[PDB]
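Numbering (the deposited numbering), first residue to last: 3 to 297.
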């Protein structure tokens, strides 16, 4: 059935929705950052409204497919962390029952926001306890499961640790230097990375997500080539798509995109905070950890 979201998972939702909906640079941006980070769903305009729709769907609290709310997932989210939550059974019951009564007029930003706004005004602190929306709460979870990826930890070094252990240090160095060693470990390394980046989800490649990482290095021009290479790849494990890019004519631009995404994988709010692309600093960081892993 439905599995409760981890703080890594909900942090990804909160920040990705911000990337999707924050006005790019416009004088209004900081207003949405200062409000939303307070969990203040204000101002009541199109930006805020689509943002709450984005978060409601990312938490899978509103079900896009079935076009309805899923009050059962509230309690599921609760029980999976009830001993670190701080959430009382009564809170969750009233929150659950409030949601259970929501039938919005449509799945539009406006109608969803209209429907859910009073539940949020009333139960916001229950949401934050349940879906890891406080730094202190979420840190309790992080401290109880050391296998969760931490907020300031590269997805890449996280995967290297869990896949490689203290074995095959040279193959790991080879894998990080973009050589296609073909070992079981590198393959599971690529799979581990592709899942954390949401390059793969529900077991299928997500070509949009990889194109997005090319956009981030200012190579939106390469979108058709990226899609062709992946759509033509003769395998469907993460290591296959990865080899298809590495053996392609855009392999150098892919490394640039992959490395930038590593950096941003270590701070999910990277873009939200206002950071921009600097290929020189990206390489510097990659060389540093490259030096540590290898000689």
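Note that CB positions come from ideal geometry on N, CA and C, so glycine has one too.
Sequence-distant residues of the same chain with beta carbon closer than 7 angstroms to residue i, five excluded per side
i: residue 229; result: 209, 213
Cβ neighbours of residue i in the same chain (closer than 6 angstroms, five flanking residues each side left out)
i: residue 215; result: 259, 263
i: residue 13; result: 270
Inter-residue CB distance, residue i and residue j (contact presumed, cutoff 8 angstroms)
i: residue 198; j: residue 157; result: 4 angstroms
i: residue 189; j: residue 241; result: 4 angstroms
i: residue 1; j: residue 200; result: In the structure as shown, the chain begins at 3 and stops at 297. Residue 1 is therefore absent and cannot be evaluated.
Chain-order list of residues whose beta-carbon lies under 8 angstroms from that of residue i (same chain, five-residue window excluded)
i: residue 86; result: 139, 142, 143, 146
i: residue 99; result: 73
i: residue 19; result: 53, 56, 57, 60
i: residue 38; result: 20, 50, 53
C-beta contact flag for residue i and residue j at 8 angstroms
i: residue 114; j: residue 34; result: no
i: residue 101; j: residue 126; result: no
i: residue 104; j: residue 89; result: no
i: residue 238; j: residue 207; result: yes
i: residue 254; j: residue 178; result: no
i: residue 245; j: residue 182; result: yes
i: residue 180; j: residue 218; result: no
i: residue 51; j: residue 112; result: yes
i: residue 268; j: residue 172; result: no
i: residue 150; j: residue 80; result: no
Residue span of the alpha helix (DSSP H) that contains residue i, given as start and end
i: residue 19; result: 9-23
i: residue 1; result: Since the displayed the chain opens at 3 and closes at 297, residue 1 lies outside it and no answer follows.
i: residue 224; result: No alpha helix (DSSP H) holds residue 224; DSSP gives it neither H nor E.
i: residue 54; result: 48-60
i: residue 78; result: 73-81
i: residue 210; result: 209-218
i: residue 131; result: 111-132
i: residue 155; result: Premise fails: residue 155 is in no alpha helix (DSSP H) and is neither H nor E.
i: residue 262; result: 253-267
Backbone CA spacing between residue i and residue j [nearest angstrom]
i: residue 93; j: residue 24; result: 31 angstroms
i: residue 70; j: residue 10; result: 25 angstroms
i: residue 78; j: residue 221; result: 41 angstroms
i: residue 148; j: residue 8; result: 12 angstroms
i: residue 203; j: residue 159; result: 21 angstroms
i: residue 166; j: residue 184; result: 14 angstroms
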